[PDB]
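The file model.txt comes next; it holds compact mmCIF, C-alpha atoms and all ligand atoms.
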```txt
# COMPACT_ATOMS: atom_id res chain seq x y z
CA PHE A 1 -112.06 14.72 -9.67
CA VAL A 2 -111.32 15.14 -6.05
CA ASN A 3 -111.83 11.44 -5.14
CA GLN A 4 -109.25 10.22 -7.66
CA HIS A 5 -106.69 12.89 -6.65
CA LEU A 6 -107.09 11.83 -2.95
CA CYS A 7 -106.85 8.09 -3.80
CA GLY A 8 -103.56 8.81 -5.69
CA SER A 9 -102.03 10.27 -2.67
CA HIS A 10 -102.70 7.07 -0.70
CA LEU A 11 -101.51 5.06 -3.63
CA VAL A 12 -98.04 6.72 -3.64
CA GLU A 13 -97.65 6.10 0.10
CA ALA A 14 -98.53 2.39 -0.41
CA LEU A 15 -96.06 2.18 -3.31
CA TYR A 16 -93.33 3.85 -1.20
CA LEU A 17 -93.80 1.16 1.45
CA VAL A 18 -94.06 -1.84 -0.92
CA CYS A 19 -91.32 -0.89 -3.34
CA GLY A 20 -88.69 -0.09 -0.64
CA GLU A 21 -85.15 0.59 -1.90
CA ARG A 22 -86.35 -0.27 -5.46
CA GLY A 23 -88.38 2.90 -5.89
CA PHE A 24 -91.11 3.55 -8.45
CA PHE A 25 -92.34 5.72 -11.24
CA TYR A 26 -95.76 7.16 -10.59
CA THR A 27 -97.81 7.96 -13.67
CA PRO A 28 -101.57 8.66 -13.17
CA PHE B 1 -81.88 4.57 8.74
CA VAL B 2 -85.33 5.20 10.06
CA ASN B 3 -84.91 8.98 9.50
CA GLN B 4 -84.22 8.73 5.72
CA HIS B 5 -87.09 6.20 5.49
CA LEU B 6 -89.54 8.59 7.22
CA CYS B 7 -88.27 11.56 5.19
CA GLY B 8 -88.92 9.63 1.97
CA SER B 9 -92.49 9.12 2.95
CA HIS B 10 -92.95 12.96 3.18
CA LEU B 11 -90.95 13.43 -0.02
CA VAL B 12 -93.22 11.14 -1.95
CA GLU B 13 -96.38 13.07 -0.82
CA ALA B 14 -94.82 16.41 -1.77
CA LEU B 15 -93.79 15.12 -5.21
CA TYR B 16 -97.31 13.85 -5.71
CA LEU B 17 -98.69 17.37 -5.07
CA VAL B 18 -96.11 19.33 -7.03
CA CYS B 19 -96.00 17.06 -10.09
CA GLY B 20 -99.74 16.73 -10.72
CA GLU B 21 -100.55 14.91 -13.95
CA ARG B 22 -96.83 14.52 -14.86
CA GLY B 23 -96.18 12.10 -12.07
CA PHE B 24 -92.74 11.69 -10.66
CA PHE B 25 -89.99 9.20 -10.07
CA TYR B 26 -88.78 8.15 -6.69
CA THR B 27 -85.36 6.69 -6.34
CA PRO B 28 -84.06 6.00 -2.81
CA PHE C 1 -119.96 13.87 6.19
CA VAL C 2 -117.05 11.55 6.20
CA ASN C 3 -115.88 12.42 2.64
CA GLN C 4 -115.58 16.15 3.40
CA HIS C 5 -113.77 15.53 6.73
CA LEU C 6 -111.23 13.26 4.90
CA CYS C 7 -110.76 15.78 2.04
CA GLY C 8 -110.00 18.51 4.66
CA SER C 9 -107.22 16.53 6.06
CA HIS C 10 -105.55 16.35 2.64
CA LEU C 11 -106.28 19.98 2.12
CA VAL C 12 -104.32 21.05 5.26
CA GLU C 13 -101.32 18.96 4.18
CA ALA C 14 -101.38 20.63 0.72
CA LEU C 15 -101.65 24.07 2.35
CA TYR C 16 -98.74 23.27 4.71
CA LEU C 17 -96.58 22.46 1.68
CA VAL C 18 -97.67 25.42 -0.51
CA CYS C 19 -97.71 28.10 2.14
CA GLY C 20 -94.25 27.25 3.59
CA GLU C 21 -92.87 29.70 6.18
CA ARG C 22 -95.95 31.94 5.57
CA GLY C 23 -98.39 29.62 7.32
CA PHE C 24 -102.17 29.62 7.01
CA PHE C 25 -105.46 29.86 8.77
CA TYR C 26 -107.69 26.88 8.15
CA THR C 27 -111.41 27.53 8.41
CA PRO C 28 -113.79 24.83 7.02
CA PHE D 1 -84.24 22.15 9.05
CA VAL D 2 -85.82 19.09 7.60
CA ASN D 3 -86.84 17.87 11.11
CA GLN D 4 -88.92 20.99 12.00
CA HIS D 5 -90.43 20.83 8.47
CA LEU D 6 -91.47 17.17 8.92
CA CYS D 7 -92.72 17.83 12.46
CA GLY D 8 -94.94 20.64 11.15
CA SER D 9 -96.56 18.30 8.74
CA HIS D 10 -97.63 16.04 11.70
CA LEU D 11 -98.60 19.10 13.74
CA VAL D 12 -100.93 20.33 11.05
CA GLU D 13 -102.76 16.93 10.87
CA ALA D 14 -103.16 16.81 14.66
CA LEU D 15 -104.53 20.37 14.77
CA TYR D 16 -106.97 19.45 12.04
CA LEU D 17 -108.32 16.56 14.19
CA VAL D 18 -108.39 18.36 17.52
CA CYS D 19 -109.88 21.63 16.28
CA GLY D 20 -112.78 20.23 14.26
CA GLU D 21 -115.13 22.91 12.96
CA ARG D 22 -113.14 25.73 14.67
CA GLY D 23 -110.19 25.30 12.40
CA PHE D 24 -106.76 26.36 13.49
CA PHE D 25 -103.89 28.62 12.65
CA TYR D 26 -100.47 27.43 11.70
CA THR D 27 -97.55 29.73 12.11
CA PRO D 28 -94.06 28.31 11.47
CA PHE E 1 -114.15 -0.96 -1.63
CA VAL E 2 -111.61 1.72 -2.13
CA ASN E 3 -113.49 4.39 -0.11
CA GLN E 4 -113.65 2.23 3.03
CA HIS E 5 -109.97 1.18 2.75
CA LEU E 6 -108.96 4.91 2.47
CA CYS E 7 -111.23 5.93 5.40
CA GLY E 8 -109.54 3.21 7.56
CA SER E 9 -106.21 4.68 7.00
CA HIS E 10 -107.40 8.04 8.37
CA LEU E 11 -109.12 6.25 11.17
CA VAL E 12 -105.88 4.61 12.42
CA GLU E 13 -104.09 7.97 12.38
CA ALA E 14 -106.92 9.53 14.44
CA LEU E 15 -106.80 6.61 16.88
CA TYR E 16 -102.99 6.91 17.19
CA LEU E 17 -103.43 10.56 18.20
CA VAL E 18 -106.40 10.07 20.58
CA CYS E 19 -105.23 6.92 22.29
CA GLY E 20 -101.67 8.18 23.02
CA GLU E 21 -99.52 5.94 25.25
CA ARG E 22 -102.58 3.63 25.73
CA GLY E 23 -102.48 2.23 22.20
CA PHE E 24 -105.26 0.42 20.37
CA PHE E 25 -106.34 -2.68 18.57
CA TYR E 26 -107.57 -2.01 15.08
CA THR E 27 -110.08 -4.49 13.71
CA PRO E 28 -112.01 -3.51 10.53
CA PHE F 1 -89.85 12.20 22.63
CA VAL F 2 -91.20 13.84 19.55
CA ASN F 3 -89.17 11.45 17.32
CA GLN F 4 -90.72 8.21 18.73
CA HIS F 5 -94.15 9.93 18.54
CA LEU F 6 -93.67 10.83 14.85
CA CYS F 7 -92.23 7.37 14.07
CA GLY F 8 -95.32 5.75 15.59
CA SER F 9 -97.53 7.68 13.29
CA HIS F 10 -95.67 6.14 10.26
CA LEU F 11 -95.65 2.73 11.95
CA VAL F 12 -99.39 2.75 12.35
CA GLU F 13 -99.94 3.53 8.61
CA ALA F 14 -97.57 0.75 7.56
CA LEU F 15 -99.27 -1.78 9.85
CA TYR F 16 -102.60 -0.74 8.39
CA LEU F 17 -101.34 -1.57 4.86
CA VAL F 18 -99.52 -4.78 5.68
CA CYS F 19 -102.18 -6.29 7.94
CA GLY F 20 -105.21 -5.77 5.71
CA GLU F 21 -108.36 -7.41 7.06
CA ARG F 22 -106.49 -8.89 10.08
CA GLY F 23 -105.95 -5.53 11.65
CA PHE F 24 -103.12 -4.97 14.04
CA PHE F 25 -102.29 -3.94 17.55
CA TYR F 26 -100.33 -0.87 18.44
CA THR F 27 -98.62 -0.70 21.76
CA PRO F 28 -96.34 2.30 22.43
CA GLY G 1 -114.45 28.82 1.35
CA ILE G 2 -111.80 26.16 0.98
CA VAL G 3 -113.82 23.01 1.46
CA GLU G 4 -116.68 23.90 -0.91
CA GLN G 5 -114.10 25.10 -3.45
CA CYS G 6 -111.42 22.35 -3.22
CA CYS G 7 -113.34 19.26 -2.28
CA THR G 8 -115.61 19.68 -5.35
CA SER G 9 -112.82 20.21 -7.92
CA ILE G 10 -109.12 19.56 -7.75
CA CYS G 11 -107.50 22.82 -6.59
CA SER G 12 -104.04 23.37 -8.09
CA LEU G 13 -101.20 24.59 -5.95
CA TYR G 14 -101.90 28.04 -7.35
CA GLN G 15 -105.54 27.96 -6.16
CA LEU G 16 -104.46 26.70 -2.73
CA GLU G 17 -101.94 29.45 -2.39
CA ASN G 18 -104.76 31.95 -2.09
CA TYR G 19 -105.42 30.55 1.37
CA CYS G 20 -101.95 31.21 2.61
CA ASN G 21 -101.15 34.05 4.97
CA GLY H 1 -117.35 -1.84 14.68
CA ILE H 2 -115.16 1.11 13.85
CA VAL H 3 -115.45 1.21 10.08
CA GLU H 4 -119.25 0.90 9.88
CA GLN H 5 -119.54 3.46 12.68
CA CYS H 6 -116.89 6.06 11.66
CA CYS H 7 -116.81 5.87 7.90
CA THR H 8 -120.58 6.58 7.73
CA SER H 9 -120.59 9.60 10.09
CA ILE H 10 -117.80 11.78 11.36
CA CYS H 11 -116.67 10.27 14.68
CA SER H 12 -115.49 12.90 17.18
CA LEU H 13 -112.37 12.35 19.20
CA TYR H 14 -114.64 11.29 22.03
CA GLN H 15 -116.27 8.56 19.91
CA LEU H 16 -112.86 7.36 18.71
CA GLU H 17 -111.57 7.15 22.21
CA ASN H 18 -113.89 4.23 22.85
CA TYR H 19 -111.60 2.14 20.65
CA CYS H 20 -108.54 2.83 22.70
CA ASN H 21 -107.05 0.26 25.02
CA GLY I 1 -102.72 2.12 -15.26
CA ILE I 2 -102.53 2.45 -11.51
CA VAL I 3 -105.35 4.86 -10.82
CA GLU I 4 -108.00 3.12 -12.95
CA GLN I 5 -106.87 -0.22 -11.49
CA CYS I 6 -106.41 0.65 -7.77
CA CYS I 7 -108.90 3.40 -7.14
CA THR I 8 -111.76 1.15 -8.39
CA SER I 9 -110.86 -1.94 -6.32
CA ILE I 10 -108.61 -2.38 -3.34
CA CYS I 11 -105.18 -3.35 -4.71
CA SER I 12 -103.28 -5.71 -2.40
CA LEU I 13 -99.62 -5.18 -1.71
CA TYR I 14 -98.95 -7.85 -4.30
CA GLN I 15 -100.87 -5.94 -7.00
CA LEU I 16 -99.09 -2.70 -6.06
CA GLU I 17 -95.74 -4.34 -6.29
CA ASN I 18 -96.18 -4.62 -10.04
CA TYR I 19 -95.64 -0.86 -10.22
CA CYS I 20 -92.30 -0.98 -8.52
CA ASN I 21 -89.06 -0.55 -10.40
CA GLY J 1 -94.91 29.21 18.89
CA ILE J 2 -96.34 25.78 18.25
CA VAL J 3 -93.09 24.61 16.63
CA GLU J 4 -90.97 25.64 19.65
CA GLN J 5 -93.42 24.10 22.12
CA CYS J 6 -94.47 20.97 20.23
CA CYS J 7 -91.48 19.86 18.13
CA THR J 8 -89.23 19.75 21.24
CA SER J 9 -91.75 18.02 23.62
CA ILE J 10 -94.77 15.88 22.85
CA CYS J 11 -97.83 18.17 23.06
CA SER J 12 -101.08 16.64 24.35
CA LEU J 13 -104.30 17.14 22.54
CA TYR J 14 -105.27 19.63 25.30
CA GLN J 15 -102.12 21.61 24.61
CA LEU J 16 -102.66 21.51 20.84
CA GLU J 17 -106.13 22.95 21.38
CA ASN J 18 -104.41 26.32 22.25
CA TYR J 19 -103.81 26.74 18.46
CA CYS J 20 -107.46 26.29 17.44
CA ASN J 21 -109.36 29.31 16.15
CA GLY K 1 -80.44 12.02 -5.49
CA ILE K 2 -83.58 13.48 -3.98
CA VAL K 3 -82.80 11.89 -0.60
CA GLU K 4 -79.30 13.44 -0.45
CA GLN K 5 -80.55 16.84 -1.56
CA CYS K 6 -83.89 17.01 0.26
CA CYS K 7 -83.49 15.06 3.51
CA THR K 8 -80.47 17.19 4.52
CA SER K 9 -81.92 20.64 3.51
CA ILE K 10 -85.51 21.75 3.05
CA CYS K 11 -86.26 21.56 -0.69
CA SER K 12 -88.64 24.16 -2.14
CA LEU K 13 -91.48 23.16 -4.35
CA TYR K 14 -89.42 24.52 -7.30
CA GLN K 15 -86.57 22.23 -6.35
CA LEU K 16 -88.87 19.24 -5.91
CA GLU K 17 -90.19 19.83 -9.42
CA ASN K 18 -86.78 18.53 -10.74
CA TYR K 19 -88.04 14.99 -9.86
CA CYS K 20 -91.27 15.22 -11.88
CA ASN K 21 -91.60 13.14 -15.03
CA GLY L 1 -92.00 -3.73 21.29
CA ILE L 2 -92.59 -2.40 17.81
CA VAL L 3 -91.22 1.02 18.77
CA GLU L 4 -87.93 -0.44 20.10
CA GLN L 5 -87.52 -2.71 17.09
CA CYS L 6 -88.79 -0.46 14.30
CA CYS L 7 -87.94 3.13 15.28
CA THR L 8 -84.23 2.23 15.69
CA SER L 9 -83.88 0.06 12.50
CA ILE L 10 -85.96 0.01 9.34
CA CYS L 11 -88.45 -2.87 9.69
CA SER L 12 -89.40 -4.78 6.53
CA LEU L 13 -92.97 -5.48 5.70
CA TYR L 14 -92.31 -9.12 6.76
CA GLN L 15 -91.12 -7.90 10.14
CA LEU L 16 -94.07 -5.53 10.54
CA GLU L 17 -96.41 -8.46 9.91
CA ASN L 18 -95.45 -9.76 13.43
CA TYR L 19 -97.76 -7.02 14.84
CA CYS L 20 -100.84 -8.05 12.84
CA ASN L 21 -103.75 -9.63 14.70
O1 LIG M 101 -108.67 19.96 -4.36
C1 LIG M 101 -107.75 19.41 -3.46
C2 LIG M 101 -108.28 18.76 -2.34
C3 LIG M 101 -107.36 18.24 -1.38
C4 LIG M 101 -105.99 18.32 -1.61
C5 LIG M 101 -105.48 18.95 -2.75
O2 LIG M 101 -104.15 19.08 -3.04
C6 LIG M 101 -106.38 19.53 -3.70
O1 LIG M 102 -115.23 9.47 11.24
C1 LIG M 102 -113.85 9.61 11.06
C2 LIG M 102 -113.28 8.87 10.02
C3 LIG M 102 -111.87 8.95 9.86
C4 LIG M 102 -111.11 9.79 10.66
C5 LIG M 102 -111.71 10.56 11.67
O2 LIG M 102 -111.03 11.41 12.50
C6 LIG M 102 -113.11 10.45 11.90
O1 LIG M 103 -106.39 0.19 -3.98
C1 LIG M 103 -105.60 0.99 -3.15
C2 LIG M 103 -105.75 2.37 -3.27
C3 LIG M 103 -104.93 3.21 -2.47
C4 LIG M 103 -104.06 2.65 -1.53
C5 LIG M 103 -103.95 1.26 -1.39
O2 LIG M 103 -103.12 0.63 -0.50
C6 LIG M 103 -104.73 0.40 -2.23
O1 LIG M 104 -95.89 17.47 19.83
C1 LIG M 104 -96.49 17.01 18.67
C2 LIG M 104 -95.87 17.15 17.44
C3 LIG M 104 -96.49 16.72 16.27
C4 LIG M 104 -97.73 16.06 16.40
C5 LIG M 104 -98.34 15.85 17.63
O2 LIG M 104 -99.43 15.91 17.47
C6 LIG M 104 -97.74 16.36 18.78
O1 LIG M 105 -86.93 18.70 1.78
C1 LIG M 105 -88.17 18.09 1.91
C2 LIG M 105 -88.28 16.83 2.49
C3 LIG M 105 -89.52 16.20 2.59
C4 LIG M 105 -90.65 16.93 2.17
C5 LIG M 105 -90.56 18.21 1.65
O2 LIG M 105 -91.36 18.32 0.88
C6 LIG M 105 -89.31 18.80 1.48
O1 LIG M 106 -89.20 0.74 10.72
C1 LIG M 106 -90.30 1.44 10.26
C2 LIG M 106 -90.76 2.57 10.94
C3 LIG M 106 -91.89 3.25 10.50
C4 LIG M 106 -92.48 2.81 9.29
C5 LIG M 106 -92.00 1.74 8.57
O2 LIG M 106 -92.87 1.23 8.10
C6 LIG M 106 -90.91 1.02 9.07
CL CL M 107 -109.29 10.04 1.58
CL CL M 108 -91.53 12.15 10.39
ZN ZN M 109 -107.45 10.22 2.40
ZN ZN M 110 -93.29 12.07 9.43
```
Structure rendered as structure tokens:
Amino acid sequence: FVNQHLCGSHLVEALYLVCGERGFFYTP
Amino acid sequence: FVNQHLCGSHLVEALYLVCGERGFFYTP
Amino acid sequence: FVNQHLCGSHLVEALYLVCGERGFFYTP
Amino acid sequence: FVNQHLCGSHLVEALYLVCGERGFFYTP
Amino acid sequence: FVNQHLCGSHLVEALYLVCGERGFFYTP
Amino acid sequence: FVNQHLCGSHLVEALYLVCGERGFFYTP
Amino acid sequence: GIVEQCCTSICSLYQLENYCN
Amino acid sequence: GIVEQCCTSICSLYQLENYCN
Amino acid sequence: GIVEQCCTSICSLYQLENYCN
Amino acid sequence: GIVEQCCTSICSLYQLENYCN
Amino acid sequence: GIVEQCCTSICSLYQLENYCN
Amino acid sequence: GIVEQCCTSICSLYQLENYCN
């Protein structure tokens, strides 16, 4: 639903910042 | 170093949109 | 309402990415 | 080419905020 | 709650743009 | 001048995430 | 148009592309 | 302050500007 | 996983860090 | 265009308003 | 990697799709 | 300031925390 899709996008930005040069897999 | 860092941020958002339910992997 | 305003902002980023060198008109 | 592309992304968000209900046009 | 956290993040971007070289304090 | 401006935008989002309930100050 | 359509259901990139020029 | 005000109604750029330094 | 966890409560940076590689 | 004007100098909000509909 | 390919040239959506799971 | 320190080198989250209230 739209709210979950929009939250994800914020979630990936937060992961980008936290994970740094480690990276991440994103699976929703 | 700031440019690659800021580029990655954009990259992550684009991968989020293009990958949908598959998710993606981000390796810096 | 706030939720629609916030959704729009995501919507324009998604259009930017999809439309590429074609561009878009955004009308809410 | 990446710099204009990443600039456009910011441009689009700013136009969204400044234009409100009028919307805007984005031509790259 | 998640919705308020997400709204904040949009709020700081809008303040960045409006306030310009003046800056701002953000207190939630 | 555009580069510092676009960097600030990213900076603001990162400060939002790292500071949580404390908030932050942004001085350009 | 776009807001009523894409803020009520997730629009795919194919749906969004209809709004391009 | 800002969250109670601007996450319950759309704040215009003029409303937001009150929070500038 | 991440969406059910972090879209229902605010995940801190410490919670998010669990999803890093 | 907006990219020539506003990716080479910082455009004000007033200047950006020239690209509203 | 994606940073070498896509921070030095503009990657299309098709190209970005190579980094989906 | 933050722009001098953090737009010329990548600031860690620890370093960014120096600009919290
Ligand atoms: O339905 C939507 C709403 C906002 C962004 C997006 O990619 C899709
Ligand atoms: O009321 C709001 C909330 C968030 C961003 C914005 O521009 C306005
Ligand atoms: O719980 C969340 C959801 C999205 C972004 C974030 O930093 C935390
Ligand atoms: O000149 C610019 C470029 C990008 C965003 C901003 O709003 C101003
Ligand atoms: O080549 C790129 C770099 C960053 C975002 C974009 O999606 C494409
Ligand atoms: O050094 C920086 C610059 C911008 C965002 C980031 O969080 C770190
Ligand atoms: Cl949102
Ligand atoms: Cl950028
Ligand atoms: Zn959002
Ligand atoms: Zn950027």
Enumerate, in order of chain and increasing residue number, the residues of chain H with an atom no farther than 7 Å from ligand LIG 102 (chain M), each with its shortest atom pair and distance in Å to one decimal, counting all atoms listed in the file, as a Markdown table.
```
| residue | atom | partner | partner_atom | distance |
| --- | --- | --- | --- | --- |
| H:6 | CA | M:LIG102 | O1 | 3.8 |
| H:7 | CA | M:LIG102 | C2 | 5.1 |
| H:9 | CA | M:LIG102 | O1 | 5.5 |
| H:10 | CA | M:LIG102 | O1 | 3.5 |
| H:11 | CA | M:LIG102 | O1 | 3.8 |
| H:12 | CA | M:LIG102 | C6 | 6.3 |
| H:13 | CA | M:LIG102 | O2 | 6.9 |
```
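Coordinates place atom CA of residue H:3 at a distance of 10.9 Å from atom CA of residue E:3.
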Checklist line | Residue list for chain F near chain B as a VMD selection string, 12 Å, all atoms listed in the file | finding: chain F and resid 3 to 4 6 to 11 13 to 14
Kindly export the residues of the current selection with C-alpha atoms, as a PDB file, keeping the file's coordinate frame.
```
ATOM      1  CA  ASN F   3     -89.170  11.450  17.320  1.00  0.00           C
ATOM      2  CA  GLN F   4     -90.720   8.210  18.730  1.00  0.00           C
ATOM      3  CA  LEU F   6     -93.670  10.830  14.850  1.00  0.00           C
ATOM      4  CA  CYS F   7     -92.230   7.370  14.070  1.00  0.00           C
ATOM      5  CA  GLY F   8     -95.320   5.750  15.590  1.00  0.00           C
ATOM      6  CA  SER F   9     -97.530   7.680  13.290  1.00  0.00           C
ATOM      7  CA  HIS F  10     -95.670   6.140  10.260  1.00  0.00           C
ATOM      8  CA  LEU F  11     -95.650   2.730  11.950  1.00  0.00           C
ATOM      9  CA  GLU F  13     -99.940   3.530   8.610  1.00  0.00           C
ATOM     10  CA  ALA F  14     -97.570   0.750   7.560  1.00  0.00           C
TER      11      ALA F  14
END
```
Item checked: Point-to-point distance from atom CL of ligand CL 107 (chain M) to atom CA of residue I:19, Å rounded to tenths -> 21.1 Å
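Going from atom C3 of ligand LIG 106 (chain M) to atom CA of residue I:17 covers 18.8 Å.
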Next item on the list: Compute the distance from (-84.5, 18.5, -4.8) to each atom, counting all atoms listed in the file, keep the residues with any atom at most 7 Å away, and return them as JSON, numbers by chain; use the coordinates of the file.
Entry: {"K": [2, 5, 6, 11, 15, 16, 18]}
What are the centre and edge lengths in Å, to one decimal, of the axis-aligned box around all listed atoms of ligand LIG 106 (chain M) with 6 Å added on each side, as lines of an AutoDock Vina configuration file?
```
center_x = -91.0
center_y = 2.0
center_z = 9.5
size_x = 15.7
size_y = 14.5
size_z = 14.8
```
Any chance you could model N, CA, C and O atoms for stretch 4-20 of chain I and send them as a PDB file, in the coordinates of the input?
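And here's part.pdb as it stands now:
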```pdb
ATOM      1  N   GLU I   4    -106.807   3.869 -12.500  1.00  0.00           N
ATOM      2  CA  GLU I   4    -108.000   3.120 -12.950  1.00  0.00           C
ATOM      3  C   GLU I   4    -108.009   1.748 -12.257  1.00  0.00           C
ATOM      4  O   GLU I   4    -109.058   1.339 -11.746  1.00  0.00           O
ATOM      5  N   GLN I   5    -106.877   1.052 -12.205  1.00  0.00           N
ATOM      6  CA  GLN I   5    -106.870  -0.220 -11.490  1.00  0.00           C
ATOM      7  C   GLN I   5    -107.154  -0.135  -9.958  1.00  0.00           C
ATOM      8  O   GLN I   5    -107.988  -0.900  -9.443  1.00  0.00           O
ATOM      9  N   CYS I   6    -106.410   0.716  -9.225  1.00  0.00           N
ATOM     10  CA  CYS I   6    -106.410   0.650  -7.770  1.00  0.00           C
ATOM     11  C   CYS I   6    -107.269   1.629  -7.026  1.00  0.00           C
ATOM     12  O   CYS I   6    -107.349   1.570  -5.818  1.00  0.00           O
ATOM     13  N   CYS I   7    -107.916   2.534  -7.737  1.00  0.00           N
ATOM     14  CA  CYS I   7    -108.900   3.400  -7.140  1.00  0.00           C
ATOM     15  C   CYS I   7    -110.302   2.882  -7.413  1.00  0.00           C
ATOM     16  O   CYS I   7    -111.246   3.461  -6.903  1.00  0.00           O
ATOM     17  N   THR I   8    -110.431   1.795  -8.196  1.00  0.00           N
ATOM     18  CA  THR I   8    -111.760   1.150  -8.390  1.00  0.00           C
ATOM     19  C   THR I   8    -111.939  -0.150  -7.583  1.00  0.00           C
ATOM     20  O   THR I   8    -113.072  -0.555  -7.261  1.00  0.00           O
ATOM     21  N   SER I   9    -110.830  -0.797  -7.237  1.00  0.00           N
ATOM     22  CA  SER I   9    -110.860  -1.940  -6.320  1.00  0.00           C
ATOM     23  C   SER I   9    -109.684  -1.826  -5.406  1.00  0.00           C
ATOM     24  O   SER I   9    -108.731  -1.178  -5.768  1.00  0.00           O
ATOM     25  N   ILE I  10    -109.770  -2.387  -4.205  1.00  0.00           N
ATOM     26  CA  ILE I  10    -108.610  -2.380  -3.340  1.00  0.00           C
ATOM     27  C   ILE I  10    -107.483  -3.224  -3.927  1.00  0.00           C
ATOM     28  O   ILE I  10    -107.595  -4.445  -4.038  1.00  0.00           O
ATOM     29  N   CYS I  11    -106.379  -2.608  -4.311  1.00  0.00           N
ATOM     30  CA  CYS I  11    -105.180  -3.350  -4.710  1.00  0.00           C
ATOM     31  C   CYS I  11    -104.448  -3.864  -3.470  1.00  0.00           C
ATOM     32  O   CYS I  11    -104.300  -3.126  -2.524  1.00  0.00           O
ATOM     33  N   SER I  12    -104.044  -5.126  -3.471  1.00  0.00           N
ATOM     34  CA  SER I  12    -103.280  -5.710  -2.400  1.00  0.00           C
ATOM     35  C   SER I  12    -101.834  -5.225  -2.569  1.00  0.00           C
ATOM     36  O   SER I  12    -101.460  -4.707  -3.619  1.00  0.00           O
ATOM     37  N   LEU I  13    -100.989  -5.580  -1.624  1.00  0.00           N
ATOM     38  CA  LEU I  13     -99.620  -5.180  -1.710  1.00  0.00           C
ATOM     39  C   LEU I  13     -98.980  -5.946  -2.849  1.00  0.00           C
ATOM     40  O   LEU I  13     -98.041  -5.464  -3.442  1.00  0.00           O
ATOM     41  N   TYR I  14     -99.495  -7.130  -3.181  1.00  0.00           N
ATOM     42  CA  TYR I  14     -98.950  -7.850  -4.300  1.00  0.00           C
ATOM     43  C   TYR I  14     -99.260  -7.208  -5.645  1.00  0.00           C
ATOM     44  O   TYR I  14     -98.413  -7.198  -6.537  1.00  0.00           O
ATOM     45  N   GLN I  15    -100.483  -6.708  -5.823  1.00  0.00           N
ATOM     46  CA  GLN I  15    -100.870  -5.940  -7.000  1.00  0.00           C
ATOM     47  C   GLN I  15    -100.044  -4.660  -7.152  1.00  0.00           C
ATOM     48  O   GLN I  15     -99.581  -4.305  -8.237  1.00  0.00           O
ATOM     49  N   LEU I  16     -99.819  -3.982  -6.016  1.00  0.00           N
ATOM     50  CA  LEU I  16     -99.090  -2.700  -6.060  1.00  0.00           C
ATOM     51  C   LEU I  16     -97.679  -2.921  -6.475  1.00  0.00           C
ATOM     52  O   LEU I  16     -97.081  -2.093  -7.142  1.00  0.00           O
ATOM     53  N   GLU I  17     -97.150  -4.079  -6.122  1.00  0.00           N
ATOM     54  CA  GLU I  17     -95.740  -4.340  -6.290  1.00  0.00           C
ATOM     55  C   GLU I  17     -95.360  -4.410  -7.777  1.00  0.00           C
ATOM     56  O   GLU I  17     -94.210  -4.266  -8.141  1.00  0.00           O
ATOM     57  N   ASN I  18     -96.359  -4.663  -8.605  1.00  0.00           N
ATOM     58  CA  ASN I  18     -96.180  -4.620 -10.040  1.00  0.00           C
ATOM     59  C   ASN I  18     -95.741  -3.258 -10.578  1.00  0.00           C
ATOM     60  O   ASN I  18     -95.239  -3.162 -11.705  1.00  0.00           O
ATOM     61  N   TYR I  19     -95.955  -2.209  -9.799  1.00  0.00           N
ATOM     62  CA  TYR I  19     -95.640  -0.860 -10.220  1.00  0.00           C
ATOM     63  C   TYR I  19     -94.303  -0.449  -9.717  1.00  0.00           C
ATOM     64  O   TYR I  19     -93.842   0.622 -10.042  1.00  0.00           O
ATOM     65  N   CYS I  20     -93.644  -1.287  -8.936  1.00  0.00           N
ATOM     66  CA  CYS I  20     -92.300  -0.980  -8.520  1.00  0.00           C
ATOM     67  C   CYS I  20     -91.312  -1.016  -9.651  1.00  0.00           C
ATOM     68  O   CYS I  20     -91.546  -1.675 -10.671  1.00  0.00           O
TER      69      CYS I  20
END
```
